[PDB]
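Colleague: One file: my_file10.txt (compact mmCIF, C-alpha atoms).
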# COMPACT_ATOMS: atom_id res chain seq x y z
CA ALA G 1 -9.78 -19.58 13.50
CA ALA G 2 -12.41 -21.31 11.36
CA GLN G 3 -15.69 -19.90 10.00
CA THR G 4 -18.02 -22.66 8.81
CA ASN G 5 -20.54 -22.19 5.97
CA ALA G 6 -18.65 -19.15 4.70
CA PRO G 7 -19.13 -17.47 1.31
CA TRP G 8 -17.23 -19.37 -1.36
CA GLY G 9 -14.76 -16.53 -1.96
CA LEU G 10 -13.55 -16.38 1.65
CA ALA G 11 -13.05 -20.16 1.61
CA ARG G 12 -11.15 -19.92 -1.69
CA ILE G 13 -8.67 -17.33 -0.42
CA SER G 14 -7.63 -19.70 2.38
CA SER G 15 -7.56 -22.87 0.22
CA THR G 16 -5.13 -24.57 -2.18
CA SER G 17 -8.18 -26.01 -4.03
CA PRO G 18 -11.67 -24.89 -5.07
CA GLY G 19 -14.91 -26.27 -3.76
CA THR G 20 -14.63 -25.92 0.04
CA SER G 21 -16.73 -23.80 2.38
CA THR G 22 -14.74 -23.07 5.57
CA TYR G 23 -12.67 -19.88 5.89
CA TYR G 24 -9.47 -20.28 7.96
CA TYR G 25 -7.46 -17.28 9.19
CA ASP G 26 -5.22 -16.03 12.02
CA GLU G 27 -7.31 -14.60 14.85
CA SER G 28 -5.48 -11.23 14.77
CA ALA G 29 -7.88 -10.65 11.84
CA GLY G 30 -6.51 -7.27 10.78
CA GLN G 31 -6.82 -5.66 14.23
CA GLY G 32 -4.90 -2.37 14.29
CA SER G 33 -5.08 -1.82 10.50
CA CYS G 34 -7.40 0.51 8.57
CA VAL G 35 -9.06 0.22 5.14
CA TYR G 36 -10.55 3.20 3.25
CA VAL G 37 -13.44 2.24 0.98
CA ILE G 38 -13.65 4.90 -1.76
CA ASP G 39 -17.09 4.41 -3.30
CA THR G 40 -20.79 5.30 -2.83
CA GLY G 41 -20.48 5.34 0.99
CA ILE G 42 -21.02 2.77 3.76
CA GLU G 43 -24.12 2.03 5.80
CA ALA G 44 -22.14 2.21 9.06
CA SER G 45 -25.06 1.12 11.25
CA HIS G 46 -25.33 -2.36 9.64
CA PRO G 47 -24.96 -4.85 12.55
CA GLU G 48 -22.40 -6.77 10.47
CA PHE G 49 -19.86 -3.94 10.99
CA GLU G 50 -20.11 -3.98 14.82
CA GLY G 51 -19.29 -0.29 15.22
CA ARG G 52 -16.03 -0.57 13.22
CA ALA G 53 -17.22 1.39 10.14
CA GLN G 54 -17.67 5.15 9.87
CA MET G 55 -17.99 7.72 7.12
CA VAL G 56 -15.19 10.30 7.10
CA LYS G 57 -15.84 12.34 3.90
CA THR G 58 -18.48 12.97 1.26
CA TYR G 59 -18.76 15.28 -1.75
CA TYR G 60 -22.57 15.16 -1.98
CA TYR G 61 -25.57 16.31 0.07
CA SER G 62 -25.38 13.19 2.28
CA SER G 63 -22.68 10.78 3.37
CA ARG G 64 -25.11 7.87 3.30
CA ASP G 65 -25.00 4.95 0.91
CA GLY G 66 -28.14 5.24 -1.18
CA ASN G 67 -26.86 2.75 -3.77
CA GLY G 68 -25.60 -0.30 -1.85
CA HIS G 69 -22.41 -0.79 -3.89
CA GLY G 70 -20.06 0.76 -1.32
CA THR G 71 -21.73 -1.11 1.53
CA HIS G 72 -21.23 -4.40 -0.33
CA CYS G 73 -17.51 -3.83 -0.93
CA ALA G 74 -16.93 -2.73 2.67
CA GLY G 75 -18.63 -5.93 3.83
CA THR G 76 -16.16 -8.03 1.83
CA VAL G 77 -13.23 -6.09 3.33
CA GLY G 78 -14.31 -6.31 6.97
CA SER G 79 -17.79 -7.48 8.02
CA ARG G 80 -18.07 -10.17 10.70
CA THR G 81 -19.71 -12.75 8.41
CA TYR G 82 -18.69 -11.71 4.87
CA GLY G 83 -15.28 -10.07 5.39
CA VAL G 84 -11.66 -11.09 4.93
CA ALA G 85 -10.33 -8.89 7.79
CA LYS G 86 -12.91 -9.18 10.55
CA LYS G 87 -11.29 -6.76 13.08
CA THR G 88 -10.03 -4.02 10.78
CA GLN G 89 -11.28 -0.39 10.85
CA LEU G 90 -13.32 0.79 7.84
CA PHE G 91 -13.45 4.41 6.67
CA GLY G 92 -15.89 5.47 3.93
CA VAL G 93 -15.21 8.22 1.37
CA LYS G 94 -18.25 8.91 -0.83
CA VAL G 95 -16.95 9.99 -4.25
CA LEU G 96 -19.84 8.39 -6.21
CA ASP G 97 -23.45 9.58 -6.16
CA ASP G 98 -26.29 7.18 -5.32
CA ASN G 99 -26.39 6.15 -9.02
CA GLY G 100 -22.83 4.81 -8.79
CA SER G 101 -21.26 7.53 -10.94
CA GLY G 102 -18.86 10.38 -10.20
CA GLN G 103 -16.72 12.98 -11.96
CA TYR G 104 -13.00 12.25 -12.25
CA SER G 105 -12.09 15.48 -10.46
CA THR G 106 -14.17 14.38 -7.45
CA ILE G 107 -12.51 10.96 -7.51
CA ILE G 108 -9.04 12.58 -7.69
CA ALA G 109 -9.91 14.79 -4.71
CA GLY G 110 -11.04 11.74 -2.71
CA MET G 111 -7.73 9.98 -3.34
CA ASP G 112 -5.82 13.06 -2.23
CA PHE G 113 -8.11 13.25 0.83
CA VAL G 114 -7.06 9.75 1.94
CA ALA G 115 -3.31 10.46 1.60
CA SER G 116 -3.68 13.29 4.12
CA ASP G 117 -6.52 11.90 6.23
CA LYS G 118 -4.58 8.82 7.28
CA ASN G 119 -2.42 11.15 9.42
CA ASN G 120 -5.64 11.80 11.40
CA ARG G 121 -6.38 8.10 12.12
CA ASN G 122 -4.85 5.47 14.43
CA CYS G 123 -3.53 2.68 12.18
CA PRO G 124 -0.36 1.28 13.79
CA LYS G 125 -0.44 -1.81 11.55
CA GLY G 126 -0.82 0.12 8.29
CA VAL G 127 -3.28 1.62 5.83
CA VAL G 128 -5.08 0.20 2.78
CA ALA G 129 -7.36 1.80 0.17
CA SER G 130 -9.97 -0.10 -1.89
CA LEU G 131 -11.06 1.57 -5.17
CA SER G 132 -13.87 -0.44 -6.81
CA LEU G 133 -14.35 2.12 -9.58
CA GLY G 134 -12.99 3.25 -12.91
CA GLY G 135 -13.45 4.59 -16.41
CA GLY G 136 -11.59 5.45 -19.60
CA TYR G 137 -7.86 6.13 -19.61
CA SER G 138 -6.76 9.25 -17.76
CA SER G 139 -3.23 10.27 -16.85
CA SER G 140 -4.49 12.52 -14.03
CA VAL G 141 -6.54 9.71 -12.48
CA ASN G 142 -3.53 7.36 -12.71
CA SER G 143 -1.25 9.95 -11.13
CA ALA G 144 -3.71 10.39 -8.25
CA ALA G 145 -3.59 6.66 -7.48
CA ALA G 146 0.21 6.69 -7.85
CA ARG G 147 0.44 9.54 -5.29
CA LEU G 148 -1.82 7.70 -2.82
CA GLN G 149 0.39 4.60 -3.13
CA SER G 150 3.58 6.69 -2.73
CA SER G 151 2.22 8.28 0.45
CA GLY G 152 2.24 4.89 2.26
CA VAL G 153 -1.14 3.32 1.46
CA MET G 154 -1.58 -0.05 -0.21
CA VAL G 155 -3.85 0.79 -3.16
CA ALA G 156 -6.00 -1.95 -4.75
CA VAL G 157 -8.14 -1.09 -7.82
CA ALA G 158 -10.58 -3.07 -9.96
CA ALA G 159 -9.38 -4.07 -13.42
CA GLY G 160 -12.79 -3.30 -14.91
CA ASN G 161 -15.64 -5.34 -16.34
CA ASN G 162 -15.19 -4.83 -20.13
CA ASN G 163 -13.66 -8.24 -21.08
CA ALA G 164 -10.77 -6.31 -22.64
CA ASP G 165 -7.19 -5.22 -21.99
CA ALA G 166 -7.13 -3.09 -18.86
CA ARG G 167 -4.51 -0.72 -20.41
CA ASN G 168 -7.40 1.44 -21.65
CA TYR G 169 -8.98 2.14 -18.25
CA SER G 170 -8.11 4.12 -15.13
CA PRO G 171 -6.96 3.78 -12.47
CA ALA G 172 -6.61 0.13 -13.59
CA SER G 173 -3.63 0.98 -15.87
CA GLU G 174 -1.51 2.75 -13.24
CA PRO G 175 1.47 0.34 -12.88
CA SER G 176 2.39 1.26 -9.27
CA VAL G 177 -0.95 0.12 -7.71
CA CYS G 178 -2.47 -3.38 -7.34
CA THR G 179 -4.82 -4.08 -10.29
CA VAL G 180 -7.29 -6.90 -9.54
CA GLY G 181 -9.21 -9.17 -11.95
CA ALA G 182 -12.14 -11.49 -11.14
CA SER G 183 -12.54 -15.31 -11.02
CA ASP G 184 -15.49 -17.63 -10.27
CA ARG G 185 -16.11 -20.60 -7.96
CA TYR G 186 -14.81 -23.13 -10.52
CA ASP G 187 -11.43 -21.32 -10.90
CA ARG G 188 -12.38 -19.78 -14.27
CA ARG G 189 -11.73 -16.18 -15.27
CA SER G 190 -15.00 -14.33 -14.78
CA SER G 191 -16.56 -13.77 -18.18
CA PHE G 192 -16.64 -9.97 -17.67
CA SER G 193 -13.11 -9.62 -16.26
CA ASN G 194 -10.53 -7.37 -17.91
CA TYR G 195 -7.04 -8.83 -18.40
CA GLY G 196 -3.61 -7.82 -19.67
CA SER G 197 -0.05 -7.26 -18.59
CA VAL G 198 -1.08 -4.52 -16.14
CA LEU G 199 -3.09 -6.93 -13.95
CA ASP G 200 -1.33 -8.06 -10.79
CA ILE G 201 -3.59 -10.72 -9.22
CA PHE G 202 -7.06 -12.32 -9.34
CA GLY G 203 -9.62 -12.59 -6.54
CA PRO G 204 -13.13 -14.02 -6.21
CA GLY G 205 -15.55 -11.94 -8.26
CA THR G 206 -18.62 -13.90 -9.45
CA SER G 207 -21.71 -14.36 -7.21
CA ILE G 208 -20.16 -12.78 -4.07
CA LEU G 209 -22.41 -12.64 -0.96
CA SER G 210 -22.07 -9.51 1.25
CA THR G 211 -23.80 -6.73 3.22
CA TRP G 212 -26.39 -4.45 1.54
CA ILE G 213 -28.22 -1.27 2.52
CA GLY G 214 -31.29 -1.56 4.71
CA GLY G 215 -29.49 -4.02 6.97
CA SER G 216 -29.76 -6.75 4.28
CA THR G 217 -27.45 -8.98 2.20
CA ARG G 218 -27.21 -9.95 -1.47
CA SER G 219 -24.91 -11.59 -4.02
CA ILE G 220 -23.50 -9.63 -6.97
CA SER G 221 -20.66 -9.95 -9.49
CA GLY G 222 -17.83 -7.73 -10.73
CA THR G 223 -14.15 -6.88 -10.48
CA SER G 224 -15.49 -4.43 -7.88
CA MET G 225 -16.15 -7.58 -5.82
CA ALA G 226 -12.66 -9.06 -6.22
CA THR G 227 -10.88 -5.79 -5.26
CA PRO G 228 -12.05 -5.77 -1.58
CA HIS G 229 -10.92 -9.41 -1.16
CA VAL G 230 -7.36 -8.32 -1.99
CA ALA G 231 -7.70 -5.09 -0.01
CA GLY G 232 -8.84 -7.05 3.05
CA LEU G 233 -6.09 -9.66 2.58
CA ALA G 234 -3.42 -6.92 2.55
CA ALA G 235 -4.75 -5.45 5.81
CA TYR G 236 -4.76 -8.99 7.25
CA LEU G 237 -1.14 -9.62 6.16
CA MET G 238 0.07 -6.19 7.36
CA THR G 239 -1.34 -6.92 10.85
CA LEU G 240 0.58 -10.21 10.91
CA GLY G 241 3.77 -8.32 10.02
CA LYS G 242 4.21 -10.33 6.82
CA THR G 243 4.53 -7.30 4.55
CA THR G 244 4.20 -3.49 4.31
CA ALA G 245 2.09 -1.10 2.27
CA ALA G 246 4.77 -0.39 -0.33
CA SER G 247 5.33 -4.13 -0.94
CA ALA G 248 2.06 -5.97 -0.20
CA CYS G 249 1.02 -6.30 -3.85
CA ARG G 250 4.38 -7.91 -4.66
CA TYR G 251 4.10 -10.14 -1.57
CA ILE G 252 0.53 -11.18 -2.43
CA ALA G 253 1.57 -12.19 -5.95
CA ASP G 254 4.71 -13.98 -4.67
CA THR G 255 2.61 -16.10 -2.28
CA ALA G 256 -0.46 -16.65 -4.52
CA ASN G 257 -1.90 -19.89 -5.92
CA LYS G 258 -0.16 -20.17 -9.31
CA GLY G 259 -1.52 -21.65 -12.52
CA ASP G 260 -4.93 -22.60 -11.14
CA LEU G 261 -7.26 -20.49 -13.28
CA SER G 262 -8.55 -21.35 -16.73
CA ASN G 263 -9.26 -18.99 -19.65
CA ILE G 264 -6.42 -16.63 -18.69
CA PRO G 265 -5.15 -14.98 -21.92
CA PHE G 266 -1.49 -15.34 -22.88
CA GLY G 267 0.53 -12.55 -21.25
CA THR G 268 -1.76 -12.21 -18.19
CA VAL G 269 -0.60 -13.55 -14.80
CA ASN G 270 -2.22 -16.78 -13.56
CA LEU G 271 -2.25 -15.93 -9.85
CA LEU G 272 -5.11 -16.21 -7.32
CA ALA G 273 -4.99 -14.44 -3.95
CA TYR G 274 -4.19 -16.82 -1.05
CA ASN G 275 -3.52 -16.14 2.65
CA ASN G 276 -1.20 -19.13 3.16
CA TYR G 277 -2.72 -19.67 6.60
CA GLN G 278 -1.82 -23.02 8.14
CA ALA G 279 -4.32 -23.82 10.91
Let's see the structure in the file written out as structure tokens.
Modeller:
Amino acid sequence: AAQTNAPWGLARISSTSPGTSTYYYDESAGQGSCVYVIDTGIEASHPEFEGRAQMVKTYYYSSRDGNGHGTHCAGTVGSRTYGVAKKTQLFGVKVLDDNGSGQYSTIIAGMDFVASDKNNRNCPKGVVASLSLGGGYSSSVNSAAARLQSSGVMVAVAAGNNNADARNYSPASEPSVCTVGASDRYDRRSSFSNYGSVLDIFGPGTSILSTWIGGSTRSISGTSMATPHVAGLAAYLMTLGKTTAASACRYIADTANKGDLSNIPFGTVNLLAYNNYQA
């Protein structure tokens, strides 16, 4: 399948080179997989989601996205125009208020919710979780993400936007999950992107076009934007049978574009997510 005039990041994940604008992918498109977006919520009624998104949990007075951040990440996972995995199922878990902030205990509860809730959903091709969030180091936040991974869910988390070593942030520093940094359309490390030995992969993160609340669209930047590219790619690859939840992060790094990014500090992997699709 070929989507012309696609956002640059979708084209990049199916290209050996930068600078193209067509996204190529297998038409299975993540059908039969599920991705939990743990964030500020999802505007499920956005036409771009085609009925495939729904909220399943909130810790606040409403389950609606009054911020836009969670709607934008879910659009990069699975919207018809802006998503990697265009037939996957999206489940929203609102752990952040409409200002984009949330207590760690609420975030830990949301991770534990997903590890049980997936036994209530139909996901024959596997389960992914996308955590575009984080803060200072916390062993209890890391152990929550480690439990969610252990339960059979591919966990992808943002490295953080501090231009620093991600060892000092959580859940970025949990070694058992997939920690994602950000790159731009010229194959440069995004200027805000964290780095370090804990990072596993890079995805597109600067000037990313996606769904927004009010039925709109907009382009924003962050390692929160690169995380759903990798989350969506794992759901895509799990539907094709190429990998499993326990091993997708390893598979994605094994099959990535190697040595293509500039300004990667010594000791950080030089690996950009790639779907290896041959049309």
Colleague: Mind dumping a table of every segment 151-202 of chain G residue within 9 Å of segment 227-251 of chain G, with the nearest atom pair and its distance in Å to one decimal, using all atoms listed in the file, sorted by chain and rising number, as JSON lines?
Modeller:
{"residue": "G:152", "atom": "CA", "partner": "G:245", "partner_atom": "CA", "distance": 6.0}
{"residue": "G:153", "atom": "CA", "partner": "G:245", "partner_atom": "CA", "distance": 5.5}
{"residue": "G:154", "atom": "CA", "partner": "G:245", "partner_atom": "CA", "distance": 4.6}
{"residue": "G:155", "atom": "CA", "partner": "G:231", "partner_atom": "CA", "distance": 7.7}
{"residue": "G:156", "atom": "CA", "partner": "G:231", "partner_atom": "CA", "distance": 5.9}
{"residue": "G:157", "atom": "CA", "partner": "G:227", "partner_atom": "CA", "distance": 6.0}
{"residue": "G:158", "atom": "CA", "partner": "G:227", "partner_atom": "CA", "distance": 5.4}
{"residue": "G:159", "atom": "CA", "partner": "G:227", "partner_atom": "CA", "distance": 8.5}
{"residue": "G:177", "atom": "CA", "partner": "G:249", "partner_atom": "CA", "distance": 7.7}
{"residue": "G:178", "atom": "CA", "partner": "G:249", "partner_atom": "CA", "distance": 5.7}
{"residue": "G:179", "atom": "CA", "partner": "G:227", "partner_atom": "CA", "distance": 8.1}
{"residue": "G:180", "atom": "CA", "partner": "G:227", "partner_atom": "CA", "distance": 5.7}
{"residue": "G:181", "atom": "CA", "partner": "G:227", "partner_atom": "CA", "distance": 7.7}
{"residue": "G:182", "atom": "CA", "partner": "G:227", "partner_atom": "CA", "distance": 8.3}
{"residue": "G:200", "atom": "CA", "partner": "G:249", "partner_atom": "CA", "distance": 7.5}
{"residue": "G:201", "atom": "CA", "partner": "G:249", "partner_atom": "CA", "distance": 8.3}
{"residue": "G:202", "atom": "CA", "partner": "G:230", "partner_atom": "CA", "distance": 8.4}
Colleague: Given all atoms listed in the file as the basis, pick out the residue of G:186, G:60, G:212, G:169 nearest to residue 18 of chain G.
Modeller: G:186
Colleague: From the set G:56, G:209, G:77, G:264, which residue has the shortest atom-to-atom contact distance to residue 41 of chain G, counting only C-alpha atoms?
Modeller: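 Of all the options, G:56 lies closest to residue 41 of chain G.
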Colleague: What is the distance between atom CA of residue 252 of chain G and atom CA of residue 116 of chain G, in Å to one decimal?
Modeller: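 Straight-line distance from atom CA of residue 252 of chain G to atom CA of residue 116 of chain G works out to 25.7 Å.
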Colleague: Counting only C-alpha atoms, which residue out of G:272, G:6, G:164, G:44 sits closest to residue 20 of chain G?
Modeller: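 Closest residue, counting only C-alpha atoms: G:6.
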Colleague: Determine the nearest neighbour of residue 255 of chain G from the options G:122, G:103, G:276, G:132, counting all atoms listed in the file.
Modeller: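 Closest residue, counting all atoms listed in the file: G:276.
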Colleague: Work out how far apart atom CA of residue 50 of chain G and atom CA of residue 220 of chain G are and give it in Å to one decimal.
Modeller: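 For atom CA of residue 50 of chain G relative to atom CA of residue 220 of chain G, the distance reads 22.8 Å.
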Colleague: N, CA, C and O atoms are what I want for segment 207-227 of chain G; can you complete it accordingly and write them as a PDB file, in the frame of the given file?
Modeller:
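Here's the written file result-v3.pdb:
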ATOM      1  N   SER G 207     -20.708 -13.893  -8.182  1.00  0.00           N
ATOM      2  CA  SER G 207     -21.710 -14.360  -7.210  1.00  0.00           C
ATOM      3  C   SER G 207     -21.170 -14.286  -5.770  1.00  0.00           C
ATOM      4  O   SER G 207     -21.093 -15.293  -5.052  1.00  0.00           O
ATOM      5  N   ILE G 208     -20.819 -13.062  -5.351  1.00  0.00           N
ATOM      6  CA  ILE G 208     -20.160 -12.780  -4.070  1.00  0.00           C
ATOM      7  C   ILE G 208     -21.202 -12.293  -3.057  1.00  0.00           C
ATOM      8  O   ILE G 208     -21.825 -11.243  -3.260  1.00  0.00           O
ATOM      9  N   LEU G 209     -21.377 -13.007  -1.942  1.00  0.00           N
ATOM     10  CA  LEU G 209     -22.410 -12.640  -0.960  1.00  0.00           C
ATOM     11  C   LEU G 209     -21.852 -11.650   0.066  1.00  0.00           C
ATOM     12  O   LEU G 209     -20.769 -11.876   0.606  1.00  0.00           O
ATOM     13  N   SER G 210     -22.573 -10.541   0.326  1.00  0.00           N
ATOM     14  CA  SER G 210     -22.070  -9.510   1.250  1.00  0.00           C
ATOM     15  C   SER G 210     -23.210  -8.631   1.767  1.00  0.00           C
ATOM     16  O   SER G 210     -24.372  -8.819   1.408  1.00  0.00           O
ATOM     17  N   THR G 211     -22.856  -7.669   2.634  1.00  0.00           N
ATOM     18  CA  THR G 211     -23.800  -6.730   3.220  1.00  0.00           C
ATOM     19  C   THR G 211     -24.453  -5.820   2.169  1.00  0.00           C
ATOM     20  O   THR G 211     -23.856  -5.512   1.136  1.00  0.00           O
ATOM     21  N   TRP G 212     -25.693  -5.387   2.432  1.00  0.00           N
ATOM     22  CA  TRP G 212     -26.390  -4.450   1.540  1.00  0.00           C
ATOM     23  C   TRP G 212     -27.129  -3.416   2.386  1.00  0.00           C
ATOM     24  O   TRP G 212     -27.314  -3.590   3.591  1.00  0.00           O
ATOM     25  N   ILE G 213     -27.560  -2.322   1.752  1.00  0.00           N
ATOM     26  CA  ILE G 213     -28.220  -1.270   2.520  1.00  0.00           C
ATOM     27  C   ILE G 213     -29.605  -1.720   2.963  1.00  0.00           C
ATOM     28  O   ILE G 213     -30.230  -2.604   2.367  1.00  0.00           O
ATOM     29  N   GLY G 214     -30.093  -1.085   4.030  1.00  0.00           N
ATOM     30  CA  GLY G 214     -31.290  -1.560   4.710  1.00  0.00           C
ATOM     31  C   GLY G 214     -31.046  -2.701   5.668  1.00  0.00           C
ATOM     32  O   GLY G 214     -31.993  -3.418   6.014  1.00  0.00           O
ATOM     33  N   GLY G 215     -29.810  -2.884   6.131  1.00  0.00           N
ATOM     34  CA  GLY G 215     -29.490  -4.020   6.970  1.00  0.00           C
ATOM     35  C   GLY G 215     -29.634  -5.386   6.318  1.00  0.00           C
ATOM     36  O   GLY G 215     -29.828  -6.372   7.031  1.00  0.00           O
ATOM     37  N   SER G 216     -29.507  -5.490   4.984  1.00  0.00           N
ATOM     38  CA  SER G 216     -29.760  -6.750   4.280  1.00  0.00           C
ATOM     39  C   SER G 216     -28.453  -7.349   3.752  1.00  0.00           C
ATOM     40  O   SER G 216     -27.349  -6.915   4.114  1.00  0.00           O
ATOM     41  N   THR G 217     -28.583  -8.366   2.889  1.00  0.00           N
ATOM     42  CA  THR G 217     -27.450  -8.980   2.200  1.00  0.00           C
ATOM     43  C   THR G 217     -27.887  -9.279   0.766  1.00  0.00           C
ATOM     44  O   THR G 217     -29.083  -9.366   0.478  1.00  0.00           O
ATOM     45  N   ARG G 218     -26.915  -9.422  -0.138  1.00  0.00           N
ATOM     46  CA  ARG G 218     -27.210  -9.950  -1.470  1.00  0.00           C
ATOM     47  C   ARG G 218     -25.902 -10.350  -2.139  1.00  0.00           C
ATOM     48  O   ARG G 218     -24.812 -10.049  -1.650  1.00  0.00           O
ATOM     49  N   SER G 219     -26.033 -11.050  -3.265  1.00  0.00           N
ATOM     50  CA  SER G 219     -24.910 -11.590  -4.020  1.00  0.00           C
ATOM     51  C   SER G 219     -24.812 -10.907  -5.374  1.00  0.00           C
ATOM     52  O   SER G 219     -25.758 -10.970  -6.162  1.00  0.00           O
ATOM     53  N   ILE G 220     -23.682 -10.258  -5.664  1.00  0.00           N
ATOM     54  CA  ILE G 220     -23.500  -9.630  -6.970  1.00  0.00           C
ATOM     55  C   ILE G 220     -22.129 -10.021  -7.519  1.00  0.00           C
ATOM     56  O   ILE G 220     -21.365 -10.747  -6.879  1.00  0.00           O
ATOM     57  N   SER G 221     -21.824  -9.531  -8.721  1.00  0.00           N
ATOM     58  CA  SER G 221     -20.660  -9.950  -9.490  1.00  0.00           C
ATOM     59  C   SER G 221     -19.938  -8.720 -10.030  1.00  0.00           C
ATOM     60  O   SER G 221     -20.578  -7.733 -10.392  1.00  0.00           O
ATOM     61  N   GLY G 222     -18.614  -8.783 -10.107  1.00  0.00           N
ATOM     62  CA  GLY G 222     -17.830  -7.730 -10.730  1.00  0.00           C
ATOM     63  C   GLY G 222     -16.402  -7.758 -10.238  1.00  0.00           C
ATOM     64  O   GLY G 222     -16.088  -8.342  -9.201  1.00  0.00           O
ATOM     65  N   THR G 223     -15.509  -7.094 -10.998  1.00  0.00           N
ATOM     66  CA  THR G 223     -14.150  -6.880 -10.480  1.00  0.00           C
ATOM     67  C   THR G 223     -14.173  -5.924  -9.287  1.00  0.00           C
ATOM     68  O   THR G 223     -13.198  -5.861  -8.529  1.00  0.00           O
ATOM     69  N   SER G 224     -15.265  -5.166  -9.117  1.00  0.00           N
ATOM     70  CA  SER G 224     -15.490  -4.430  -7.880  1.00  0.00           C
ATOM     71  C   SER G 224     -15.624  -5.357  -6.678  1.00  0.00           C
ATOM     72  O   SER G 224     -15.467  -4.904  -5.546  1.00  0.00           O
ATOM     73  N   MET G 225     -15.940  -6.635  -6.902  1.00  0.00           N
ATOM     74  CA  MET G 225     -16.150  -7.580  -5.820  1.00  0.00           C
ATOM     75  C   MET G 225     -14.858  -8.289  -5.463  1.00  0.00           C
ATOM     76  O   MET G 225     -14.656  -8.671  -4.305  1.00  0.00           O
ATOM     77  N   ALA G 226     -13.962  -8.437  -6.446  1.00  0.00           N
ATOM     78  CA  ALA G 226     -12.660  -9.060  -6.220  1.00  0.00           C
ATOM     79  C   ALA G 226     -11.688  -8.101  -5.531  1.00  0.00           C
ATOM     80  O   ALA G 226     -10.892  -8.527  -4.690  1.00  0.00           O
ATOM     81  N   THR G 227     -11.731  -6.815  -5.885  1.00  0.00           N
ATOM     82  CA  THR G 227     -10.880  -5.790  -5.260  1.00  0.00           C
ATOM     83  C   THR G 227     -10.909  -5.793  -3.735  1.00  0.00           C
ATOM     84  O   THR G 227      -9.827  -5.857  -3.131  1.00  0.00           O
TER      85      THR G 227
END
